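Since the structure comes first, as structure tokens, the remarks are kept for the end.
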Amino acid sequence: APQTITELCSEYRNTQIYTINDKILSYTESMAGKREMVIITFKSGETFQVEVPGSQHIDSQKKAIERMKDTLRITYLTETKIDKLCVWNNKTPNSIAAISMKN
Amino acid sequence: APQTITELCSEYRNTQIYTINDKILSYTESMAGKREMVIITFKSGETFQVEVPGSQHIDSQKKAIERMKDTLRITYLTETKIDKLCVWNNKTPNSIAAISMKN
Amino acid sequence: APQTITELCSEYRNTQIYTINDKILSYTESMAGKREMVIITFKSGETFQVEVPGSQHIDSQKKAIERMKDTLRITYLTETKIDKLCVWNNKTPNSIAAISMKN
Amino acid sequence: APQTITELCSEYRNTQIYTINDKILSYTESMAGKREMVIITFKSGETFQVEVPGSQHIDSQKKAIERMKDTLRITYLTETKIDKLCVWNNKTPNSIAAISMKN
Amino acid sequence: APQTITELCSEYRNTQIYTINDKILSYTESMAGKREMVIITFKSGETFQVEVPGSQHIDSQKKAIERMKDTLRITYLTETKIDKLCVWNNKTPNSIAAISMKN
Ligand SMILES: CC(=O)N[C@H]1[C@H](O[C@@H]2[C@H](O[C@]3(C(=O)O)C[C@H](O)[C@@H](NC(C)=O)[C@H]([C@H](O)[C@H](O)CO)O3)[C@@H](O)[C@H](O[C@H]3[C@H](O)[C@@H](O)[C@H](O)O[C@@H]3CO)O[C@@H]2CO)O[C@H](CO)[C@H](O)[C@@H]1O[C@@H]1O[C@H](CO)[C@H](O)[C@H](O)[C@H]1O
Ligand SMILES: CC(=O)N[C@H]1[C@H](O[C@@H]2[C@H](O[C@]3(C(=O)O)C[C@H](O)[C@@H](NC(C)=O)[C@H]([C@H](O)[C@H](O)CO)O3)[C@@H](O)[C@H](O[C@H]3[C@H](O)[C@@H](O)[C@H](O)O[C@@H]3CO)O[C@@H]2CO)O[C@H](CO)[C@H](O)[C@@H]1O[C@@H]1O[C@H](CO)[C@H](O)[C@H](O)[C@H]1O
Ligand SMILES: CC(=O)N[C@H]1[C@H](O[C@@H]2[C@H](O[C@]3(C(=O)O)C[C@H](O)[C@@H](NC(C)=O)[C@H]([C@H](O)[C@H](O)CO)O3)[C@@H](O)[C@H](O[C@H]3[C@H](O)[C@@H](O)[C@H](O)O[C@@H]3CO)O[C@@H]2CO)O[C@H](CO)[C@H](O)[C@@H]1O[C@@H]1O[C@H](CO)[C@H](O)[C@H](O)[C@H]1O
Ligand SMILES: CC(=O)N[C@H]1[C@H](O[C@@H]2[C@H](O[C@]3(C(=O)O)C[C@H](O)[C@@H](NC(C)=O)[C@H]([C@H](O)[C@H](O)CO)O3)[C@@H](O)[C@H](O[C@H]3[C@H](O)[C@@H](O)[C@H](O)O[C@@H]3CO)O[C@@H]2CO)O[C@H](CO)[C@H](O)[C@@H]1O[C@@H]1O[C@H](CO)[C@H](O)[C@H](O)[C@H]1O
Ligand SMILES: CC(=O)N[C@H]1[C@H](O[C@@H]2[C@H](O[C@]3(C(=O)O)C[C@H](O)[C@@H](NC(C)=O)[C@H]([C@H](O)[C@H](O)CO)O3)[C@@H](O)[C@H](O[C@H]3[C@H](O)[C@@H](O)[C@H](O)O[C@@H]3CO)O[C@@H]2CO)O[C@H](CO)[C@H](O)[C@@H]1O[C@@H]1O[C@H](CO)[C@H](O)[C@H](O)[C@H]1O
């Protein structure tokens, strides 16, 4: 298994590490049908999503998708600095694969 | 996928953006049969619901409805300022589709 | 849909509004078989339960029962003032149908 | 339904009330197979478990077991004083049936 | 049942106690397919994982794996000092079996 977010991110195609080093500026959550998703933005202007669950996801990802949304909300609310995001860059906005935080 | 709440809200009919820019004044939660719902009010006087799950909801929305209720409670309790709500205006009170918070 | 706890509470029989305006004094939680329930008391001496799930509950209430117990715990722990409780008065102690909090 | 932890505890065999009146000293959580359990200790030296789910549990207890572990963690982390524990004394360490907290 | 993390850890093969006595330095969470996992590091330079769920896990562990990831996040966020980790040493990085915290 990978030992860092960067190492994990390299195990995939169409991914890149964004070094954020900042707390989340805005949190957006939708329960509208077909748009069950979370959107986060930063001071940098960069916007990121957790995608709507769909056929691009395998079973093992369903709970992890829910976990990521849980993490984004509590990260937002505690003003916790996110270190890095591993994101897929074939989606608009870029889609969150992994998150890291340092303290 | 949409990049902001406003953009997401535009992908639906009978929706409008309320710019709230305030913490939640009151939180009401019900486990009474056929009224399994949350109601939030603001200082502005405006009241909003998360609807009882029903036939107007698709399967993908069940977990998101529960998420929205989770978010409203923790938002309330932390006195977090809500920025915008995307709501359906063909329900009374208006029904929450999406929420945003800025920091 | 109702716009306030009081309005919601009036849609049912054997219910009444208790104006609490206080934080929870004691929180009791049981995982003993047939007594999977939460009990709360106040400084006023009044005691309230979330009933054990049973045949008086419809399916849509299962998740809401669990939510109400979640809310009672976090409310207790944060010393959050409860405003009102809608309770069923044909149970001993009185059984929680809805809760409100103002800030 | 019972109105206090003590009253609830008396509806069972092999149970006793421990008056703790203290915050949790240590929290131990295991995800090892056949040892999916939580252990808590106190300054008094007394140790308590939430048992591994097994055939001694009825269906209605599955969620309540998970709730009890949730409560123990958040209680530990907030340094919340536990008042009383209703425990089964036919297990080693004694097994948690109910918990109460006063404020 | 075991009464301490050390005692529990001894009921398994390929395990060892790491005495950490420190808060978590970094928290990494991934929802990428086949890498649904959490990684934590410490100031000591030691890295640990909660493994991706797979055939090495029995059914009773599914909920416990999710709980462990919940605990790591909230532990990280509250800067709570971990005391000990029971870890499997036949995985890279070492894989978390149990955790303890003292206060
Ligand atoms: C790049 C891509 O299409 N990914 C989609 C994936 O396709 C699989 C293979 O992609 C990789 C990858 O994601 O980069 C290759 C990695 O080595 C794998 N990494 C690890 C650590 O296992 C991952 C991983 O297995 C999956 O992501 C987990 O589900 O997959 C890709 O190389 C392979 O391509 C085949 C192709 O299918 C076939 O038509 C052609 O004949 O040959 C190609 C070259 O071999 O296909 C793999 C699956 O068959 O498939 C998943 C569903 O399994 C998704 O569709 C994924 O798309 C991304 O999904 C993300 C969410 O998980 C997110 O939405 C991204 O935006 C999507 O692009
Ligand atoms: C307006 C309406 O009745 N919406 C109900 C919806 O109906 C479907 C179509 O809905 C839209 C919409 O809701 O605005 C159109 C959007 O482009 C869609 N957006 C996206 C991003 O896909 C949404 C979305 O797919 C759904 O909301 C997700 O469930 O749907 C609606 O336009 C369509 O109307 C047809 C009509 O049926 C047909 O006779 C006629 O010839 O063509 C019309 C369009 O040209 O019907 C669609 C259903 O097949 O359906 C959902 C559940 O399926 C809801 O019932 C929705 O009502 C709202 O539900 C909300 C909660 O999700 C909330 O309760 C609101 O108050 C409800 O009005
Ligand atoms: C009062 C009562 O007995 N409630 C039980 C309920 O019975 C149903 C009807 O009750 C009402 C009510 O609770 O006030 C009537 C309301 O208008 C309804 N309000 C709304 C917004 O929907 C509610 C609501 O539907 C339910 O609470 C949700 O399940 O129900 C009751 O009037 C009706 O009695 C009829 C009977 O059906 C008929 O055959 C007889 O001959 O005459 C009566 C009078 O016309 O029966 C309804 C059910 O068929 O049913 C639910 C289960 O669905 C429960 O059993 C409920 O008991 C309460 O449950 C609470 C928690 O949910 C709590 O434990 C209380 O202590 C219980 O009394
Ligand atoms: C004491 C005991 O062995 N309990 C096990 C239980 O057995 C049932 C009866 O237990 C009581 C009890 O716990 O004291 C009696 C109480 O009045 C009941 N209280 C309420 C509110 O219902 C409880 C309760 O029903 C259950 O605990 C909920 O699951 O049960 C016990 O009296 C009865 O014993 C019979 C025996 O079966 C029969 O052969 C003999 O002829 O007469 C005896 C006296 O009537 O059996 C009852 C069920 O068959 O069953 C549960 C699960 O079904 C557990 O096995 C329980 O063991 C405890 O489980 C705890 C966790 O829930 C914990 O791990 C303890 O360490 C276990 O002892
Ligand atoms: C060492 C190993 O490979 N363990 C895998 C396990 O194998 C079972 C036995 O493992 C023990 C153990 O892990 O120490 C023995 C303990 O006494 C048990 N402890 C308790 C408290 O009950 C545990 C426990 O029951 C399991 O973890 C339950 O999930 O298991 C192992 O001794 C036994 O090996 C046999 C072999 O099968 C047989 O061919 C040969 O003739 O004799 C051997 C030695 O007597 O096999 C047992 C299974 O039948 O199986 C589990 C899944 O059931 C895992 O695969 C486990 O591998 C580890 O899994 C961990 C996560 O759970 C982690 O990822 C580690 O990295 C894996 O090594």
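Each chain of the structure tokens is named A, B, ... in the order shown, its residues numbered from 1; ligands are numbered from 1 in display order.
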DSSP strand (DSSP E or B) residues within chain E, listed as a ChimeraX atom specification: /E:15-22,26-32,35-41,47-50,82-88,94-102
If you keep C-alpha atoms, can you produce a file of those selected residues as a compact mmCIF listing (two decimals), in the first residue's frame?
```txt
# COMPACT_ATOMS: atom_id res chain seq x y z
CA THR E 15 1.28 -8.09 15.75
CA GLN E 16 3.21 -5.69 17.93
CA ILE E 17 2.48 -2.80 20.26
CA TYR E 18 3.84 0.57 19.23
CA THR E 19 3.98 2.95 22.19
CA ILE E 20 3.25 6.27 20.47
CA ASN E 21 2.41 8.69 23.33
CA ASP E 22 1.77 11.50 20.81
CA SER E 26 -0.70 13.79 9.40
CA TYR E 27 -4.00 12.35 8.29
CA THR E 28 -4.50 11.03 4.75
CA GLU E 29 -7.81 9.75 3.40
CA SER E 30 -8.44 8.19 -0.03
CA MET E 31 -11.69 7.37 -1.86
CA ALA E 32 -9.88 6.24 -5.00
CA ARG E 35 -7.29 2.47 -2.39
CA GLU E 36 -10.15 3.22 0.03
CA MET E 37 -7.89 3.69 3.01
CA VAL E 38 -6.55 5.98 5.69
CA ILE E 39 -2.89 6.70 6.34
CA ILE E 40 -1.57 8.37 9.51
CA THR E 41 1.97 9.46 10.25
CA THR E 47 3.53 5.57 9.16
CA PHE E 48 0.42 3.39 9.63
CA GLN E 49 -2.61 2.36 7.58
CA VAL E 50 -6.12 1.12 7.92
CA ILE E 82 -2.68 8.26 21.05
CA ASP E 83 -1.07 5.99 23.65
CA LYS E 84 -0.56 2.67 21.86
CA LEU E 85 -1.25 1.05 18.50
CA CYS E 86 -1.60 -2.68 17.99
CA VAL E 87 -0.52 -3.21 14.40
CA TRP E 88 0.03 -6.05 11.94
CA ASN E 94 1.99 -1.45 9.24
CA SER E 95 -1.77 -2.02 9.53
CA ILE E 96 -3.85 -0.85 12.51
CA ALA E 97 -5.61 -3.52 14.56
CA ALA E 98 -6.37 -1.56 17.72
CA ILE E 99 -5.76 1.86 19.25
CA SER E 100 -5.63 3.22 22.79
CA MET E 101 -5.69 6.72 24.31
CA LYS E 102 -5.03 7.78 27.89
```
Please check which protein, DNA or RNA residues sit within 7 Å of ligand 4, counting only C-alpha atoms and all ligand atoms, and write them as a PyMOL selection string. (chain C and resi 32-35) or (chain D and resi 11-14+51+55-58+88+90-91+95)
Could you work out how far CA of residue 103 in chain C lies from CA of residue 10 in chain C, giving the answer in Å with one decimal? 23.6 Å
Among the residues of range 12-93 of chain D, find those DSSP assigns to alpha helix (DSSP H) from the backbone and print them as an NGL selection string. :D and (61-77)
